[PDB]
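Read the structure below first, then the notes.
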Amino acid sequence: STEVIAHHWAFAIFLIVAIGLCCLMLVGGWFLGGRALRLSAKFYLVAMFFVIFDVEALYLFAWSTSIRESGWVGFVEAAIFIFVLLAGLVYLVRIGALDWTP
Amino acid sequence: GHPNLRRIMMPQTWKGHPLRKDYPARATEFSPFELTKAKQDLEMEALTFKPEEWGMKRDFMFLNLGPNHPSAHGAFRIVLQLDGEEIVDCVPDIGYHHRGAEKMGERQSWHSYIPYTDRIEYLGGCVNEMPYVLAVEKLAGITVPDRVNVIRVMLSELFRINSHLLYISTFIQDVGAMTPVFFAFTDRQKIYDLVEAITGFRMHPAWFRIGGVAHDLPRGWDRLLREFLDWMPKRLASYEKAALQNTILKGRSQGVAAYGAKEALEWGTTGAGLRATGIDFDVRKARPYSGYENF
Amino acid sequence: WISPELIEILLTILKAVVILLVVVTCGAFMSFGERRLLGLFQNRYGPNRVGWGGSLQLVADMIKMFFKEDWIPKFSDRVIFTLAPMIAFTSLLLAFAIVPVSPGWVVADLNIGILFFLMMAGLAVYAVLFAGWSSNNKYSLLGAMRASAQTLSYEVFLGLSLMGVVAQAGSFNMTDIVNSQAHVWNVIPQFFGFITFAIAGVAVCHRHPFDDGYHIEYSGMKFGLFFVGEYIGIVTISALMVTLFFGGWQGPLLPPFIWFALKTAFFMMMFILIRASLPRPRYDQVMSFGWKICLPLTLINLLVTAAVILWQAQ
Amino acid sequence: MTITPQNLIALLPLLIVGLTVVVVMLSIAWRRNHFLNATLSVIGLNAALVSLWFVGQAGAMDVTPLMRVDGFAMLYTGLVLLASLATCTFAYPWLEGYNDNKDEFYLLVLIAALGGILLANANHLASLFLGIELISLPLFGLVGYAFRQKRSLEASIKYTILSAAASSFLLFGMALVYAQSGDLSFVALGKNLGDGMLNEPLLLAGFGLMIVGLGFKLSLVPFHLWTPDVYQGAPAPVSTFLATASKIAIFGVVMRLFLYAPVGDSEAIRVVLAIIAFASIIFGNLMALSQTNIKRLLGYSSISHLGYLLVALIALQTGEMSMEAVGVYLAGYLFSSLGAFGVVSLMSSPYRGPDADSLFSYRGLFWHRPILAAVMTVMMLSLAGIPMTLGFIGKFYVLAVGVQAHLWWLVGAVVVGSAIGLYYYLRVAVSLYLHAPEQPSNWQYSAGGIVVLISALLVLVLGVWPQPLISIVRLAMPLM
Amino acid sequence: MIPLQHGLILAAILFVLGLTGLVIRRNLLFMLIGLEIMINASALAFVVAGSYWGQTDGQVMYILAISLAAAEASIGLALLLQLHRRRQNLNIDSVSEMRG
Amino acid sequence: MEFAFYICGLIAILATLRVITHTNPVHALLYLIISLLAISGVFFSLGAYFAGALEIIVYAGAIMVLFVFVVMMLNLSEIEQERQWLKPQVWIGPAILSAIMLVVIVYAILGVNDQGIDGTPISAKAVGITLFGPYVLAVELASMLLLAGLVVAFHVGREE
Ligand SMILES: CCCCCCCCCCCCCCCCCC(=O)OC[C@H](COP(=O)(O)OCCN)OC(=O)CCCCCCCCCCCCCCCCC
Ligand SMILES: CCCCCCCCCCCCCCCCCC(=O)OC[C@H](COP(=O)(O)OCCN)OC(=O)CCCCCCCCCCCCCCCCC
Ligand SMILES: CCCCCCCCCCCCCCCCCCCC
Ligand SMILES: CCCCCCCCCCCCCCCCCCCC
Ligand SMILES: CCCCCCCCCCCCCCCCCCCC
């Protein structure tokens, strides 16, 4: 359609002009103007928790856009999914996995 | 028997002992060679750091907080030994702001040393002038009249309010709230208006004299004092209800670096910390001076 | 070559370019506006001497950052150093690229929408990490890992806070979301979703009170790119919560763009007031609040939203 | 499709083991109690094992577009649950000497058993893939549970890297198979092909990559080199689970895939599987000739026994008693491996620190552990296919299935590999009954001893009287 | 009008590139990177196959594939952290003690 | 739509080739992120909008974030001082093996029936419908798989 190809061209022009704007800004900044330890594993733990719960979040993302088309049995399935998610979260909290302080 | 008998005011590569009588008090001739050598020493300090000359022992990270610090209490360096986030050991590197005030005490007259007493702690002013002039009056056999005592108490309490407003603002800004420092600096401006009217200066008045004060109170000072006394309490209540009762500030503050009366006594801690440990020891009540018994 | 299809193509391209220029100029103009409004909150004026009302302060700052000596650290990774402000600008700019500001005024009427916003947040974390690592400083690196751990702790429930609005709308499209608020704005049913998304949006933008800095080695115009990138992120998050929780352009009397601009201006002023009012919590408190309170709140909110929707389905 | 309450009744072991995972999770979150969490795990596994009876009374039909519950699935679920229960029983005295957290072990065992049940009931490529991952990833944790120990960490790294590679190979195979057929169900793989064009190139390539992944999972040559290292480095109850339950579940789902898919009758896949089975039998017996260590010897034993199982699988389309042979052989192999690895686990328990050696020293075991030595030599005779043992009944079934389908190269391979196995198994037995120069007291250690004792008694009784096992395997008949 | 053959060829190219990176690199981190490349290529192949048949099954299998990929990346990076903690190097040829 | 698919595939191939031949770990992860963005563009060109969205959100927004986190943790060290993988005696053999396998897989691919991918956009609503319909147990046991990975990675990746 003409409207969808107009929106595609608008999005492409938006991306190109934004990239060109920031690149030209950096180029003008460079051109103008004269010249003259072992980290603690809690970082890995919190990033790993973010990865796992982001995958669980993607499952809930897929569920949320089709809640009406899934019916009450989909609600029961997603309630079991969310309950397992919350049991894992309670497990992580209670063993001090999510406690940054010692 | 001292554990680490090392220099604390001068750098470690210093020759002589400055407070001796045969040590020349005046500034030595500046040399770019010594500045370059000390810059190289500061650059290779992190490369050749040995945690044995600093009094420390023993995944243990080593970090330097200073020497420059983006705050209003000065610029000083702390060497931190860290287990993750926990602090295992820490020694402070001080003496970065050593002005040789006692050596200047051996170089000025009794009268011309008062401006130097002003700049010992620069939030106090006349509060810093007061013990010096009282000690000189003890040496001189001077019993000052009652109006002198009342005027000196006035200025000491005004500067105490100024310093406490600065301290509360600095603490609140260190917690993370940014507005009460602006408001309490307006309050400090009111105090400075009164102090400028009386003494002629803002933060280093040098107005106390041996036997009294430099001038009489100017005609009209009571109006400025009444204006400040009407201004202050509503602003203080606003500061309390806006920042000091904030639960985030309480969580950042309560239970942080607590100690009892034994630790305050064994370390010479005086002032608000000692009285926060429950020990009722204020100099103005225990050993009264300058007619503080009449208030 | 005069054809109405080409006319519509150029009209849509011009509208997208106008939206881009307006949002970038708004980010810069309210860098200056944050300075002025912090002055207003702190009982002073702020910059009001460079031009009428201080409006030329931004131009002077722009020129100063342009003609400042460009300096890359000698022992640093040049490509990552240049790439971090690149991402910190473009990620939230493309996040704004899906916001509908008016009926017919939208850059991309995508079928994903807030999913594209989630992609842009997942690149903004890269911007922060690359800025920290490329500086070749250990203090900056530690500060960057702490800040990125915070933004992961709040990105973990940003999408789940949006999922209540998505569930009520039944679609990922932003126009469907603003059309589902024809009767009642989503702030009323999705109030817990509103507070969780507001907290997460403030936290992933690294704004107060969620802020060994990793910007200390950055100077010249790269620091300006970081500044305008954070401000564009503020504008983008404000416009997104206007469209998602406050109807967007819907209003009874004023024109729809005026309503959208007024709601966005109120929320950006709320950002300024949030900076001026709250103190900083401790880092462990911030992550514990993100992991122990807000994520279960989003999950329970999604469950309650689904139960309410399926009850109303006859 | 929708799920009926009868479907939930047919999914009873899955729901029970998952609820046990959640309950053990919340019990660890409440208070770290080793005994209570182990008791909850074994109670959940026993509840699933006894709910298999309600599953049997439910019937045999299709619970999902993904699962099919039949007697085959019931038998394989029972074998997986028995292996998991024995793994927990051997794991408790070993974990009694473990200084770090002990409760995560039973959670990982429960999730791996859940994956085994998934693979038992699998009727779909998605279910096959998810069951393999649900088995493998708790095995990643359990193999390197004692990660402070150098060998356990090394085995964990090797198993994780190689199993991720095999999962990628398998996933690419299902991707090519789905690109060809257009359906991921087992019955619709090669269904659209006709007129003798069953050997589609893309379908054969996808099945070859899936054979690569599953042959890693079944320790088949040439995807077998991981097996002695991972078996040796892992903790002994983990080696028990990895030898029994993982192999049983993966071979059951491979049996379902080759029974249901019309492309399982392809001549090229049959010849490739024959080559893999021949090389697996011969290589696994030949590499165990000079093995002093018992774990590596049992790994090569697993390679050879899975080769015999593959020989039984090749004749699936020819003889209708191939499923009977696989079931009887897998019951016998399960009990023999449970006994052998339980003897190893009981003599390796408690865990004597990460910095100390875990050498077995089976020489002269009879003079201080006589019942363990008797059980261990019964298991070594059973794995050799010597009569009066159930392993002989399984090997007789394999030989009968190979003779019926005229797989004469495979029959000769079984005979030669059986002779080599006789050599090293009898070497282990006489080393048990020799003399040794040099070199418990709780009811869980006694429970592990009871488990290996009933395993040995079952091996002997069903070696001299196999007909009850034959009848219960004939009851485990799937959908046609 | 995009051929299924071209998408499968692209996925196969990425798969064999990930396998080559997994084999030729002694660093465990690059081995994990190669593993991520292979599993992402397999997921891409499933997406291509699902898009050819007009079915959501390819995207469902993509979702399962990336769930597996996230979990194995977490496990492998934890194992890599333990290896770097107790060996101070990531040479995978150094861990070869059990043999024969 | 064809041009976008081919340019994104070419970018992904080139970026993967730069990944498996690079020395700097952060640079290799950066080209890996570029390759993941390219493969997401491939997904968007084929109508798999949800798959590309998850490719940027999860694969190029969580997993490689974790890789970058671990690389910054290691502070990467006898790696650039060896360069053993670029000597031909190490890499010619595996490259030959991978080329042979690629040739075999491509030959198997070329003998298939192709009606062409129409690129009809498949929304996340249909994926969510089939996710909680025909694939209920896939979702539940994938939650259990993520739980298993969480427990394993917590048990291994501690410091004590
Ligand atoms: C686009 C426009 C967006 C503009 C911004 C709008 C939204 C702003 C969101 C700001 C979010 C700030 C979140 C701060 C969380 C802090 C959590 C925490 O741990 O606080 C610590 C404190 C004490 O906790 P405790 O564990 O007891 O510590 C004692 C240990 N010594 O715990 C407490 O004090 C408990 C309470 C913590 C904070 C609760 C949430 C407050 C949210 C901010 C106020 C919002 C006001 C309304 C805004 C407009 C709405 C229309
Ligand atoms: C090292 C020790 C192990 C040695 C290797 C293991 C054993 C190898 C056995 C090889 C058998 C080769 C058979 C060759 C012909 C096969 C095809 C054929 O023509 O089969 C004929 C027939 C099937 O056709 P049908 O229509 O059923 O005819 C009925 C026949 N009355 O076929 C039948 O009906 C059944 C034919 C059975 C043939 C006998 C098989 C076992 C014989 C004993 C063992 C082998 C010989 C002795 C040892 C040799 C040296 C080691
Ligand atoms: C912070 C706000 C950022 C907005 C970015 C986009 C601006 C688009 C401007 C469109 C103006 C015309 C809208 C349609 C007509 C209705 C309003 C007419 C009076 C302005
Ligand atoms: C053939 C099937 C298995 C039959 C039983 C095998 C043996 C089981 C253990 C029985 C007890 C063995 C006792 C051996 C004593 C040896 C004493 C030697 C003295 C020099
Ligand atoms: C220190 C030990 C290092 C061991 C490295 C092992 C590398 C193995 C490389 C194998 C290369 C094979 C090349 C192709 C061979 C011919 C084709 C396959 C067989 C038909």
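Lettering and numbering for the structure tokens are positional, with chains as A, B, ... in the shown order, residues counted from 1 in each chain, and ligands counted from 1 in the shown order.
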
Run DSSP on the backbone and grab whatever in stretch 138-225 of chain D lands in alpha helix (DSSP H); send it over as an mmCIF file with C-alpha atoms, in the first residue's frame.
```
data_model
loop_
_atom_site.group_PDB
_atom_site.id
_atom_site.type_symbol
_atom_site.label_atom_id
_atom_site.label_comp_id
_atom_site.auth_asym_id
_atom_site.auth_seq_id
_atom_site.Cartn_x
_atom_site.Cartn_y
_atom_site.Cartn_z
ATOM 1 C CA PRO D 138 20.484 -30.257 35.953
ATOM 2 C CA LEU D 139 23.163 -32.729 34.885
ATOM 3 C CA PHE D 140 25.405 -29.717 34.201
ATOM 4 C CA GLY D 141 24.855 -28.667 37.794
ATOM 5 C CA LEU D 142 25.141 -32.127 39.314
ATOM 6 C CA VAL D 143 28.280 -33.222 37.437
ATOM 7 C CA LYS D 150 39.349 -30.196 40.098
ATOM 8 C CA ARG D 151 38.031 -33.327 38.364
ATOM 9 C CA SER D 152 34.375 -32.449 38.985
ATOM 10 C CA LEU D 153 34.828 -28.932 37.582
ATOM 11 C CA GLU D 154 36.663 -30.367 34.565
ATOM 12 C CA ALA D 155 33.878 -32.888 33.943
ATOM 13 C CA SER D 156 31.261 -30.142 34.298
ATOM 14 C CA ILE D 157 33.036 -27.936 31.750
ATOM 15 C CA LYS D 158 33.432 -30.822 29.287
ATOM 16 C CA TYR D 159 29.831 -31.986 29.678
ATOM 17 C CA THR D 160 28.390 -28.462 29.422
ATOM 18 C CA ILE D 161 30.382 -27.518 26.307
ATOM 19 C CA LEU D 162 29.831 -30.816 24.497
ATOM 20 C CA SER D 163 26.144 -31.040 25.403
ATOM 21 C CA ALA D 164 25.508 -27.466 24.271
ATOM 22 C CA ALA D 165 27.203 -28.389 20.984
ATOM 23 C CA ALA D 166 25.061 -31.527 20.707
ATOM 24 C CA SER D 167 21.922 -29.526 21.530
ATOM 25 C CA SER D 168 22.778 -27.070 18.750
ATOM 26 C CA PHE D 169 23.363 -29.972 16.338
ATOM 27 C CA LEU D 170 20.060 -31.568 17.356
ATOM 28 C CA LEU D 171 18.195 -28.253 17.079
ATOM 29 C CA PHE D 172 19.575 -27.647 13.589
ATOM 30 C CA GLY D 173 18.461 -31.169 12.697
ATOM 31 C CA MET D 174 14.896 -30.521 13.855
ATOM 32 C CA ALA D 175 15.022 -27.202 11.994
ATOM 33 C CA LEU D 176 15.878 -28.958 8.722
ATOM 34 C CA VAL D 177 13.294 -31.685 9.415
ATOM 35 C CA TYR D 178 10.631 -29.033 10.063
ATOM 36 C CA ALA D 179 11.663 -27.187 6.897
ATOM 37 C CA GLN D 180 11.119 -30.400 4.947
ATOM 38 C CA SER D 181 7.985 -31.875 6.523
ATOM 39 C CA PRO D 201 17.999 -35.253 1.171
ATOM 40 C CA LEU D 202 17.016 -32.481 3.597
ATOM 41 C CA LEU D 203 15.031 -34.869 5.799
ATOM 42 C CA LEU D 204 17.980 -37.275 5.878
ATOM 43 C CA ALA D 205 20.341 -34.411 6.756
ATOM 44 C CA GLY D 206 18.108 -33.216 9.591
ATOM 45 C CA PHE D 207 17.772 -36.744 10.916
ATOM 46 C CA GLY D 208 21.551 -37.124 10.681
ATOM 47 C CA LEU D 209 22.141 -34.023 12.788
ATOM 48 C CA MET D 210 19.550 -35.249 15.291
ATOM 49 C CA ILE D 211 21.377 -38.605 15.296
ATOM 50 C CA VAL D 212 24.574 -36.687 16.115
ATOM 51 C CA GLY D 213 22.910 -34.988 19.084
ATOM 52 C CA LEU D 214 21.176 -38.119 20.370
ATOM 53 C CA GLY D 215 24.301 -40.226 19.844
ATOM 54 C CA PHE D 216 26.170 -37.795 22.016
ATOM 55 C CA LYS D 217 23.362 -38.233 24.523
#
```

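Contacts from chain A to chain E at a cut-off of 12 Å (only C-alpha atoms) map to residues 38, 39, 40, 41, 42, 43, 44, 45, 46, 47, 48, 49, 50, 51, 52, 53, 54, 55, 56, 57, 58, 59, 60, 61 and 62 of chain A.
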
Around ligand 4, which protein and nucleic acid residues have at least one atom no more than 12 Å from it, if we count only C-alpha atoms and all ligand atoms? List them as an NGL selection string. :D and (364-367 or 369-392 or 426 or 429-435 or 453 or 456-464)

Interatomic distance between atom CA of residue F:156 and atom CA of residue E:35? 19.5 Å

Env of stretch 351-363 of chain D: 6 Å cut, atoms = only C-alpha atoms, seq-sep filter 5 positions within chain, self excluded. Answer as a JSON list (two decimals) with N, CA and C atoms, in the first residue's frame.
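Produced file result.json, reproduced below:
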```json
[["chain", "number", "residue", "atom", "x", "y", "z"],
["D", 94, "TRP", "N", 26.57, -39.37, 50.64],
["D", 94, "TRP", "CA", 27.64, -38.63, 49.99],
["D", 94, "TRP", "C", 27.55, -37.14, 50.32],
["D", 97, "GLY", "N", 28.85, -35.54, 53.89],
["D", 97, "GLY", "CA", 30.18, -35.00, 54.00],
["D", 97, "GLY", "C", 30.46, -33.79, 53.14],
["D", 98, "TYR", "N", 29.43, -33.17, 52.58],
["D", 98, "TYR", "CA", 29.59, -32.00, 51.73],
["D", 98, "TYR", "C", 29.43, -30.74, 52.56],
["D", 148, "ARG", "N", 34.59, -27.28, 43.64],
["D", 148, "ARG", "CA", 35.89, -27.03, 44.25],
["D", 148, "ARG", "C", 36.88, -28.14, 43.92],
["D", 149, "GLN", "N", 36.39, -29.37, 43.73],
["D", 149, "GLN", "CA", 37.23, -30.44, 43.24],
["D", 149, "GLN", "C", 37.57, -30.21, 41.78],
["D", 431, "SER", "N", 39.41, -59.30, 41.10],
["D", 431, "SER", "CA", 40.08, -58.27, 41.88],
["D", 431, "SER", "C", 39.31, -57.94, 43.15],
["D", 432, "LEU", "N", 37.98, -58.03, 43.10],
["D", 432, "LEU", "CA", 37.18, -57.90, 44.32],
["D", 432, "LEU", "C", 37.50, -59.02, 45.30],
["D", 436, "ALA", "N", 43.86, -57.45, 49.82],
["D", 436, "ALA", "CA", 44.27, -56.05, 49.79],
["D", 436, "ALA", "C", 45.33, -55.77, 50.84]]
```

Check every residue of chain A for an atom within 6 Å of chain C, counting only C-alpha atoms, and provide those that qualify as a PyMOL selection string. chain A and resi 6+10-11+29-30+32-35+50+54+64-65+100

Write the residues you've just listed into a file as a PDB file, in the first residue's frame, and include N, CA, C and O atoms for each of them.
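Below you can see out_29.pdb, which holds the result:
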```
ATOM      1  N   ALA A   6       4.855   4.679   2.702  1.00  0.00           N
ATOM      2  CA  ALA A   6       5.172   6.005   3.212  1.00  0.00           C
ATOM      3  C   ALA A   6       5.677   5.933   4.646  1.00  0.00           C
ATOM      4  O   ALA A   6       6.637   6.621   5.006  1.00  0.00           O
ATOM      5  N   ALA A  10       9.342   6.873   5.983  1.00  0.00           N
ATOM      6  CA  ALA A  10       9.476   7.801   7.100  1.00  0.00           C
ATOM      7  C   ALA A  10      10.354   7.224   8.203  1.00  0.00           C
ATOM      8  O   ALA A  10      11.200   7.930   8.760  1.00  0.00           O
ATOM      9  N   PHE A  11      10.170   5.940   8.526  1.00  0.00           N
ATOM     10  CA  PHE A  11      11.004   5.294   9.536  1.00  0.00           C
ATOM     11  C   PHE A  11      12.457   5.201   9.085  1.00  0.00           C
ATOM     12  O   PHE A  11      13.381   5.431   9.880  1.00  0.00           O
ATOM     13  N   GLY A  29      32.601  18.019  16.398  1.00  0.00           N
ATOM     14  CA  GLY A  29      33.349  18.124  17.639  1.00  0.00           C
ATOM     15  C   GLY A  29      34.818  17.790  17.466  1.00  0.00           C
ATOM     16  O   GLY A  29      35.686  18.446  18.049  1.00  0.00           O
ATOM     17  N   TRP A  30      35.118  16.764  16.666  1.00  0.00           N
ATOM     18  CA  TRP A  30      36.508  16.387  16.422  1.00  0.00           C
ATOM     19  C   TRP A  30      37.226  17.423  15.567  1.00  0.00           C
ATOM     20  O   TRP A  30      38.411  17.703  15.781  1.00  0.00           O
ATOM     21  N   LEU A  32      36.347  20.917  14.707  1.00  0.00           N
ATOM     22  CA  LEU A  32      36.455  22.283  15.195  1.00  0.00           C
ATOM     23  C   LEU A  32      37.178  22.336  16.535  1.00  0.00           C
ATOM     24  O   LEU A  32      37.157  21.383  17.318  1.00  0.00           O
ATOM     25  N   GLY A  33      37.821  23.470  16.792  1.00  0.00           N
ATOM     26  CA  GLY A  33      38.516  23.676  18.046  1.00  0.00           C
ATOM     27  C   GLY A  33      39.976  23.288  17.985  1.00  0.00           C
ATOM     28  O   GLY A  33      40.311  22.170  17.582  1.00  0.00           O
ATOM     29  N   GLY A  34      40.855  24.201  18.383  1.00  0.00           N
ATOM     30  CA  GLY A  34      42.272  23.916  18.362  1.00  0.00           C
ATOM     31  C   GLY A  34      42.684  22.952  19.456  1.00  0.00           C
ATOM     32  O   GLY A  34      41.985  22.744  20.446  1.00  0.00           O
ATOM     33  N   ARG A  35      43.854  22.351  19.265  1.00  0.00           N
ATOM     34  CA  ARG A  35      44.411  21.399  20.209  1.00  0.00           C
ATOM     35  C   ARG A  35      45.454  22.083  21.090  1.00  0.00           C
ATOM     36  O   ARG A  35      45.761  23.268  20.935  1.00  0.00           O
ATOM     37  N   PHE A  50      18.832 -11.272  35.852  1.00  0.00           N
ATOM     38  CA  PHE A  50      18.161 -10.450  34.852  1.00  0.00           C
ATOM     39  C   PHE A  50      17.907 -11.233  33.573  1.00  0.00           C
ATOM     40  O   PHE A  50      16.831 -11.124  32.982  1.00  0.00           O
ATOM     41  N   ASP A  54      14.252 -12.179  32.425  1.00  0.00           N
ATOM     42  CA  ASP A  54      13.858 -11.558  31.167  1.00  0.00           C
ATOM     43  C   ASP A  54      13.315 -12.586  30.185  1.00  0.00           C
ATOM     44  O   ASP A  54      12.416 -12.273  29.400  1.00  0.00           O
ATOM     45  N   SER A  64       0.511 -11.803  27.256  1.00  0.00           N
ATOM     46  CA  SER A  64      -0.297 -10.622  27.558  1.00  0.00           C
ATOM     47  C   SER A  64      -1.023 -10.069  26.338  1.00  0.00           C
ATOM     48  O   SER A  64      -2.066  -9.425  26.485  1.00  0.00           O
ATOM     49  N   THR A  65      -0.508 -10.307  25.136  1.00  0.00           N
ATOM     50  CA  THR A  65      -1.152  -9.762  23.951  1.00  0.00           C
ATOM     51  C   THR A  65      -2.314 -10.610  23.456  1.00  0.00           C
ATOM     52  O   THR A  65      -3.022 -10.184  22.539  1.00  0.00           O
ATOM     53  N   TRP A 100      22.557  -7.794  48.194  1.00  0.00           N
ATOM     54  CA  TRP A 100      23.874  -7.267  47.852  1.00  0.00           C
ATOM     55  C   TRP A 100      24.736  -7.080  49.096  1.00  0.00           C
ATOM     56  O   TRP A 100      25.944  -7.335  49.060  1.00  0.00           O
TER      57      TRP A 100
END
```

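Pocket residues of ligand 5, taken as those with any atom at most 7 Å away using only C-alpha atoms and all ligand atoms, are residues 93 of chain E; 93, 94, 96 and 97 of chain F.
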
Got a sec to pull out which chain A residues are within 7 Å of chain D, counting only C-alpha atoms, and send them as a compact mmCIF listing (two decimals) with N, CA and C atoms, in the first residue's frame?
```txt
# COMPACT_ATOMS: atom_id res chain seq x y z
N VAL A 84 5.42 -20.33 39.70
CA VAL A 84 6.76 -20.91 39.67
C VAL A 84 7.82 -19.81 39.63
N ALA A 87 7.93 -18.39 43.14
CA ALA A 87 8.61 -19.33 44.02
C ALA A 87 10.12 -19.26 43.83
N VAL A 90 11.22 -15.95 45.49
CA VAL A 90 11.25 -16.10 46.94
C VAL A 90 12.45 -16.94 47.36
N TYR A 91 12.74 -18.00 46.60
CA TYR A 91 13.92 -18.82 46.85
C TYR A 91 15.19 -18.00 46.75
N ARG A 94 15.45 -15.53 49.77
CA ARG A 94 15.61 -16.11 51.09
C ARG A 94 17.00 -16.70 51.33
N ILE A 95 17.76 -17.01 50.28
CA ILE A 95 19.08 -17.61 50.47
C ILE A 95 20.14 -16.52 50.36
```

Can you tell me which residues sit at most 7 Å away from ligand 2, counting only C-alpha atoms and all ligand atoms, written as a short mmCIF file (atom, residue, chain, number, x, y, z; two decimals) with N, CA and C atoms, in the first residue's frame?
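This went into selection_10.cif:
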```cif
data_model
loop_
_atom_site.label_atom_id
_atom_site.label_comp_id
_atom_site.auth_asym_id
_atom_site.auth_seq_id
_atom_site.Cartn_x
_atom_site.Cartn_y
_atom_site.Cartn_z
N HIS D 406 17.93 -60.80 10.77
CA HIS D 406 19.09 -61.18 9.97
C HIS D 406 20.18 -60.11 9.98
N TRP D 408 23.35 -60.03 10.86
CA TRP D 408 24.42 -60.96 11.20
C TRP D 408 25.71 -60.25 11.59
N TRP D 409 26.01 -59.11 10.97
CA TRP D 409 27.16 -58.32 11.38
C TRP D 409 27.00 -57.82 12.81
N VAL D 411 25.12 -59.31 15.08
CA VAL D 411 25.16 -60.49 15.94
C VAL D 411 26.61 -60.86 16.25
N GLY D 412 27.46 -60.86 15.22
CA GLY D 412 28.88 -61.11 15.44
C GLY D 412 29.53 -60.05 16.31
N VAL D 415 28.64 -60.83 19.88
CA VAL D 415 29.40 -61.97 20.41
C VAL D 415 30.83 -61.55 20.76
N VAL D 416 31.50 -60.83 19.86
CA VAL D 416 32.89 -60.42 20.10
C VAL D 416 32.97 -59.45 21.27
#
```

Do a neighbour search on residue F:2 at 7 Å with only C-alpha atoms, toss out local chain neighbours closer than 3 positions, and write the hits as an MDAnalysis selection string. (chainID E and resid 2) or (chainID F and resid 5:6)

Near residue D:109, within 10 Å and counting only C-alpha atoms, which residues show up once chain neighbours fewer than 2 positions away are dropped, as a list in words?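 With the cut-off at 10 Å, the set is residues 21, 41, 84, 85, 87, 88, 91, 104, 105, 106, 107, 111, 112, 113, 114, 115, 135, 138, 139, 141, 142, 238 and 241 of chain D; 148 of chain F.
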